[PDB]
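A single chain comes next, written as structure tokens; it is the form deposited in one PDB entry.
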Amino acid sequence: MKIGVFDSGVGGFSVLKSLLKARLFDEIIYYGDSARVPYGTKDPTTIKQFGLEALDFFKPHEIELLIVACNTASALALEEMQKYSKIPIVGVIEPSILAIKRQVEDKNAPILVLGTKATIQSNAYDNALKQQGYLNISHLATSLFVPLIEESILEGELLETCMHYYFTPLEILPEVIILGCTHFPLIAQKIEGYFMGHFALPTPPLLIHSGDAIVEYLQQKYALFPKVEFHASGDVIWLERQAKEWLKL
């Protein structure tokens, strides 16, 4: 097929990478609203309007299916968007819950949800999880991880001090951690390392990657080479430059 991938900026590249890795589609129209990014710190009303406007961007491209790669957008604007689209719009939250259900049998396993303040406050992960029968659910808005990852601070004392800042107030010891944000996969190993150490874990907690989850899901739902076209709200060449580092083979 020919699809569109939407995100607030360059975070969506973590989804795009999984999409390319799988060779699921022949044409992908990537669009990042890099001029208004980030969404996670904004309000619900606003993100919803951004959502609608994103649809308008794809009207001329005529895609068969739109993937809302942004977790913040999937959480607060996927419904309204789907409500005005003729084509199917798949967010990243839904696929992750299927991913969890498929590999976590113990309904008591401690699950920690990570994401932006907007994502967390919408409680989209918690509701979908509870509905599926999970009883031990925690959530944390790790805002600073986004700007940190964007400055490319993927190691060192600043990241460690930042992770320590958000994690220390943690009560539960998670067996599952949801990277409910486009950025978090770039520091997934650092997060695993933090919990493995601070809790003398034998193995790292299971990490749920949004990109990998959507892919599996898309292969499932549509029993399934890769040519991308980049579009941005802000300087597009600036965005294309990021793809190089994020998508890194």
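Residues that one form lacks are left out of the comparison. For every residue, the number given is its place in the sequence shown, counted from 1. C-alpha atoms forming the largest set that superposes within 1.5 Å between two forms make up the rigid core.
Missing deposited residues between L224 and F225: 4 to 9, all without coordinates in the entry.
In this crystal structure, the stretch out of 188-196 and 58-66 whose C-alpha atoms carry the higher mean B factor is 58-66. Mean C-alpha B-factor is higher over 44-52 than over the other stretch, the pair under comparison being 200-208 and 44-52. Highest C-alpha temperature factor among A35, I28, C181, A213 per the entry: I28.
In this entry, the residue among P147, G115, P110, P88 with the greatest C-alpha B factor is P88. Placement of the Cα temperature factor of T119 within the chain: lowest third of the modelled residues, per the deposited record. When the CA B factors of the chain's modelled residues are split into thirds, the value for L159 lands in the lowest one. Ranked against the other modelled residues of its chain, the C-alpha B-factor of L170 as given in the entry falls in the highest third. When the CA B factors of the chain's modelled residues are split into thirds, the value for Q103 lands in the highest one. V10 sits in the lowest third of its chain by CA B factor, as recorded in the PDB entry.
One more form of this protein should be noted, the form solved in complex with a small molecule, which is absent from this view; the next part is about it.
When contacts are defined as a non-hydrogen atom within 4.5 Å, none of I137, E175 and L207 contacts the small molecule in the entry with it bound.
Heavy atoms within 4.5 Å of the small molecule in the entry with it bound belong, among the stretches 59-67, 191-199, 212-220, 176-184, to residues of 176-184. For the chain shown alone, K17 is a contact residue for the small molecule in the entry with it bound, at least one non-hydrogen atom being within 4.5 angstroms.
For the chain shown alone, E150 is a contact residue for the small molecule in the entry with it bound, at least one non-hydrogen atom being within 4.5 angstroms.
The small molecule is not drawn, but in the entry with it bound it has no heavy atom within 4.5 Å of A128. The closest heavy atom approach of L154 to the small molecule in the entry with it bound falls within 4.5 Å. At a threshold of 2 Å in C-alpha displacement, with the core superposed and only residues shared by both forms counted, the segments of at least 3 consecutive residues that shift between the shown form and the other one are, in sequence order, 200-202, 241-249.
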